[PDB]
Ligand SMILES: *[C@@H]1O[C@H](CO)[C@@H](O[C@@H]2O[C@H](CO)[C@@H](O[C@@H]3O[C@H](CO[C@H]4O[C@H](CO[C@H]5O[C@H](CO)[C@@H](O)[C@H](O)[C@@H]5O[C@H]5O[C@H](CO)[C@@H](O)[C@H](O)[C@@H]5O)[C@@H](O)[C@H](O[C@H]5O[C@H](CO)[C@@H](O)[C@H](O)[C@@H]5O[C@H]5O[C@H](CO)[C@@H](O)[C@H](O)[C@@H]5O)[C@@H]4O)[C@@H](O)[C@H](O[C@H]4O[C@H](CO)[C@@H](O)[C@H](O)[C@@H]4O[C@H]4O[C@H](CO)[C@@H](O)[C@H](O)[C@@H]4O)[C@@H]3O)[C@H](O)[C@H]2NC(C)=O)[C@H](O)[C@H]1NC(C)=O
Ligand SMILES: O=P(O)(O)O[C@@H]1[C@H](O)[C@H](O)[C@@H](OP(=O)(O)O)[C@H](OP(=O)(O)O)[C@H]1O
Ligand SMILES: *[C@@H]1O[C@H](CO)[C@@H](O)[C@H](O)[C@H]1NC(C)=O
């Protein structure tokens, strides 16, 4: 049967790869020593439970707002006027205990199988041990009750307004409960600044009755049992072998299961895949080549004619090495069609190239994982684009492909010029007679872009619709092929633009943002069947700046 007690997972053993606790039973649980806490039963022997200080108990932290990274990976889609959808995390910890174990004798069943395997040096056998007992045992861990909530805002603007609106009316109340208060009360009203806000919570261990920051109407509870939150320290199970002969042979079997998928031995810096791990093309397949997740840049919202993308290196610390990243891109309108092919090593770092595409490599969250990036600066406005990415290893395998589809913003529109043209066109249509007027009216309408023509239609109908619709009146005064010609141009404007271009006001802000521009100093030696490691390529990186002109839509100029 399964021996289960509180604190709990410390005696059973932990796997690093699959991240599962309760993997066999490493240490024995006894109750000779008398360890109690509060209302909990008798603790197992040899584990030290220390409640955290009162400063840490029932304390909540509100993270800074960031774009929703999940909504920047696949079919990327958001209102151009809104911007990136934002998320902000709220987290409250309430029933905290720090749990270490020292000192405990080993389990009976653990030592039994440890006694028979220590002489039997076998690979398939040592792997079945790790399946059952895991790889480590937990040395230090944090237990308690934590409530993790995520506030989903529709835009960066909506949040800032809500945060300043909250900061005014509070100066008592946390930010999330103020939002939840206005979310629940919205059943009284309807549309407002809080229209699209959503809150999503997930609880590890129920909220205690004493703490008021994690209190949720019905889920309150008196003295809840603490749940494992963090694993602070792990120690490998080859510490427990007690001999040098087996604990070196066990260690190599552990590295095989972790780094080489259990189908190969690890020489320093790489996996020696035993046959037949090799794939369909006869290339080493024991170390996994992961899918690189292509992302939009969180810091640079795409503008019309411009997109900048990111991805984190898929190269493990041990095993596969990435030699190149292949990035294809096409404008759709098709499907199942191959577009421009860009090798990161050959086309982006070595061959210009510029000034339409630039690449870059940077240090990421915690080195050493690299953050590759590429920026497109000569795209076309109001166009749907598809970017695909895959990695190529040193021995030639392709990774699983990854895709991003998104649309560049609408073209820029001088709203003053549009309302000015609409008046010019109306006073010509009221002049009637001249064929110069007819030609000049047709010329000015055709010489300006389709989005501008859609905007002068919006302005003409806003003012002069009672004396004739823009289309209908253009047909009366100019003739109907010139009309139909004007009219077809309006059809080339998509209708997210056409929706946005029916707004009250369109204003232009100009953002200026940096991007990393890296080039390859050293051309690396490549063989026929093997290639050079892309990470080792020496590169010279320089910071540059893009100016990004954007339209600003709204029903009034106050933002
Ligand atoms: C859950 O479960 C597991 C539980 O254990 C966890 O698994 C552990 O993960 C750790 C983290 O990833 C692992 O630690 C990392 O190991 C790697 C691999 O190191 C081995 O190979 C190295 C390769 O050496 C090359 O170059 C030397 C020249 O000096 C040559 O001699 C070699 O031959 C080899 O290259 C060529 O080999 C042949 C030619 O012979 C050809 O095919 C090619 O030409 C090859 O290129 C090697 O350096 C290591 O050697 C150490 O160990 C020897 C004994 O085993 C010892 O004799 C050595 O002296 C050395 O020990 C000392 O030096 C190292 C390095 O300074 C120290 O780490 C160590 O503590 C000692 O001081 C080893 O054989 C290793 O590369 C990693 O090191 C990088 O990352 C750490 C960050 O942790 C940095 O601090 C380092 O500076 C280094 O960073 C540099 O390199 C990166 C790679 O390019 C680069 O990205 C960086 O920018 C920077 O340049 C780590 O040490 C650990 O091994 C692993 N354990 C097990 C049991 O699997 C798992 O992670 C965990 N998961 C969790 C917790 O989430
Ligand atoms: O050391 P060099 O001069 O750069 O060239 C090595 C050579 O191409 C080996 O054939 C190759 O191993 P295999 O062809 O057998 O796969 C090795 O890769 P590796 O050491 O990472 O295995 C390369 O490093
Ligand atoms: C349960 O605990 C006993 C110690 O009394 C131990 O002998 C037994 O092996 C444990 N059960 C399992 C499945 O490990």
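Give, as residue ranges, the strands (runs of 3 or more DSSP E) completely inside the range 58-116 that count at least 3 residues that are buried (at least 16 other Cβ atoms within 10 Å of the Cβ) and at negative phi.
Numbers: elements: 59-62, 86-93, 97-101.
Correct list: 86-93, 97-101.
In the range 287-298, is there at least one residue being within 16 Å of ligand 1 (Cβ to nearest atom), more than 17 Å from residue 388 (Cβ to Cβ) and within 16 Å of the chain's Cα centre (by Cα)?
Narrowing the range 287-298 to residues within 16 Å of ligand 1 (Cβ to nearest atom): 287-288, 290.
Among the residues that remain, those that are also more than 17 Å from residue 388 (Cβ to Cβ) are: 287-288.
Among the residues that remain, those that are also within 16 Å of the chain's Cα centre (by Cα) are: none.
No: zero hits.
Please go through the range 374-389 and pick out each residue that is in contact with a helix residue (DSSP H, G or I) (Cβ under 7 Å, 6 or more places away or on another chain) and part of a strand (DSSP E or B). Break it down into steps so the answer makes sense when it comes.
At the first step, the residues of the range 374-389 found to be in contact with a helix residue (DSSP H, G or I) (Cβ under 7 Å, 6 or more places away or on another chain) are 374, 382.
Within the range 374-389, 374 is the sole residue that qualifies.
If you go through the range 237-253, how many residues are more than 36 Å from the chain's Cα centre (by Cα), part of a helix (DSSP H, G or I) and crowded, with 16+ Cβ neighbours inside 10 Å? Break it down into steps so the answer makes sense when it comes.
Filtering the range 237-253 for residues more than 36 Å from the chain's Cα centre (by Cα) gives 238-250.
Pick out the ones that are also part of a helix (DSSP H, G or I) and you get 238-240, 244-250.
Narrowing further to those that are crowded, with 16+ Cβ neighbours inside 10 Å: 238, 240, 246-247, 249-250.
Of the residues in that region, 6 qualify.
Could you go through the range 161-184 and let me know if any residue there is over 28 Å from the mean Cα position of the chain (by Cα) and within 30 Å of residue 48 (Cβ to Cβ).
no
When the residues of the range 267-277 are filtered to those that are crowded, with 16+ Cβ neighbours inside 10 Å and within 12 Å of ligand 2 (Cβ to nearest atom), which remaining residue is farthest from the chain's Cα centre (by Cα)? Give the steps one after another, and end with the answer.
Quick first cut of the range 267-277, residues crowded, with 16+ Cβ neighbours inside 10 Å only: 270-271, 273, 277.
With the extra rule that they be within 12 Å of ligand 2 (Cβ to nearest atom), the set shrinks to 270-271, 273.
Values: 270: 29, 271: 30, 273: 33 Å.
Restricting to residues being crowded, with 16+ Cβ neighbours inside 10 Å and within 12 Å of ligand 2 (Cβ to nearest atom), the top hit is 273.
Report whether or not residue 256 is part of a loop (DSSP other than H, G, I, E, B), buried (at least 21 other Cβ atoms within 10 Å of the Cβ) and under 32 Å from the mean Cα position of the chain (by Cα).
So residue 256 fails the test.
Quick one: in the range 13-43, of everything that is in contact with a helix residue (DSSP H, G or I) (Cβ under 9 Å, 6 or more places away or on another chain) and within 11 Å of ligand 3 (Cβ to nearest atom), which residue is nearest to residue 131 (Cα to Cα)?
Checking each candidate, the answer is 24.
Any residue at all in the range 538-556 that is more than 26 Å from residue 379 (Cα to Cα), in a loop (DSSP other than H, G, I, E, B), in the same structural domain as residue 355 (by TED's automatic domain parsing) and away from ligand 2 (no atom under 16 Å from the Cβ)?
For the range 538-556, residues more than 26 Å from residue 379 (Cα to Cα), in a loop (DSSP other than H, G, I, E, B), in the same structural domain as residue 355 (by TED's automatic domain parsing) and away from ligand 2 (no atom under 16 Å from the Cβ): absent.
Positions of Cβ are generated from backbone atoms using ideal geometry, with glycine treated the same way; all protein chains shown enter the neighbour counts. The values are calculated or read from the model by the stated rules, or taken from the named source; none is laboratory data.
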